[PDB]
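Reckoned from all heavy atoms, side chains included, excluding hydrogens, waters and symmetry mates. Here is the naming used below: chain letters follow the sequence lines, and residue numbers restart at 1 for every chain.
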Amino acid sequence: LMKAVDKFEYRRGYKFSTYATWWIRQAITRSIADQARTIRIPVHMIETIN
DNA sequence: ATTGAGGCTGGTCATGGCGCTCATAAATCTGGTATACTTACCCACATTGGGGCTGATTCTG
């Protein structure tokens, strides 16, 4: 959310929630793919497994 | 107890598969950005310590 706030633009006329949701979900998924296993697995291989 | 030959001590010449080193390259590993709108989870005992009384000696109106 802080990262999304750092790059939000209000001139487009869209609400902040639509822009912030993408960043929040991307950060959450990246964290899950990074630090949720005892043995680290790369993001591309995690995506292939999914 | 000598001088005439064999077996065995010195080095020749490369030789040959092995190992360390250079370089190429596609597969693997990292960082990055997405714009209709989504807003508060889900058993039974014994002992010591803390907090609320319970008088019981000091002082009071």
In whole Å, what separates the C1' atom of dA25(B) from that of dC29(B)? 16 Å

Centre-to-centre below 5.5 angstrom and planes less than 30 degrees apart, is that true for the six-membered base rings of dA23(B) and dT24(B)? yes

Rounded to the nearest 0.5 Å, how far does CG of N50(A) lie from OG1 of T29(A)? 10.5 Å

Which atom pair, heavy atoms only, marks the closest approach of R37(A) to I46(A)? NE-CD1, 4.4 Å

Base, sugar-phosphate, or nothing for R40(A), non-hydrogen atoms under 4.0 angstrom? sugar-phosphate

Taken to the nearest whole Å, CD1/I24(A) to P/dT33(B) is 15 Å

Are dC8(B) and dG7(B) stacked, with six-ring centres under 5.5 Å and planes under 30°? no

Under the 4.5 Å side-chain heavy-atom rule for ILVMFWY, direct or indirect, which residues accompany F8(A)? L1(A), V5(A), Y10(A), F16(A), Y19(A), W23(A), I24(A), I28(A), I32(A)

Starting at OG1 of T48(A), measure out to CD1 of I41(A) and round the result to the nearest 0.5 Å. 11.0 Å

Can you tell me if the sugar in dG16(B) is north or south, using the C1'-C2'-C3'-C4' torsion? south

Taking NZ from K3(A) and P from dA34(B), how many angstroms apart are they, rounded to a whole number? 13 Å

Heavy-atom protein contacts under 4.0 Å, nucleotides 36-41 of chain B, coded B base, S sugar-phosphate only, - none: SBB---

My parser flags sugar pucker from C1'-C2'-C3'-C4'; what should it report for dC37(B), north or south? south

Rounded to the nearest angstrom, tell me the gap between atom NE2 in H44(A) and atom P in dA27(B). 13 Å

How is the sugar of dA40(B) puckered by the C1'-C2'-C3'-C4' sign, north or south? north

Whole Å only: how far is the CZ atom of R12(A) from the P atom of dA34(B)? 8 Å

In whole Å, what is the span from the CG atom of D34(A) to the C1' atom of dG32(B)? 14 Å

Quick check: closest heavy atoms across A20(A) and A4(A), and the distance to 0.1 Å? CA-CB, 4.1 Å

Separation of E9(A) atom CD from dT35(B) atom P, in whole Å? 12 Å

Here the distance between atom P of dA34(B) and atom CG of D6(A), to the nearest Å, is 14 Å

Taken to the nearest whole Å, CZ/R30(A) to P/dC29(B) is 14 Å

For the sugar ring of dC22(B), does the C1'-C2'-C3'-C4' torsion put it in the north or the south range? south

CD-NZ distance between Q26(A) and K3(A), expressed to the nearest 0.5 angstrom: 7.5 Å

Using the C1'-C2'-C3'-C4' dihedral sign as the criterion, classify the sugar of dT9(B) as north or south. north

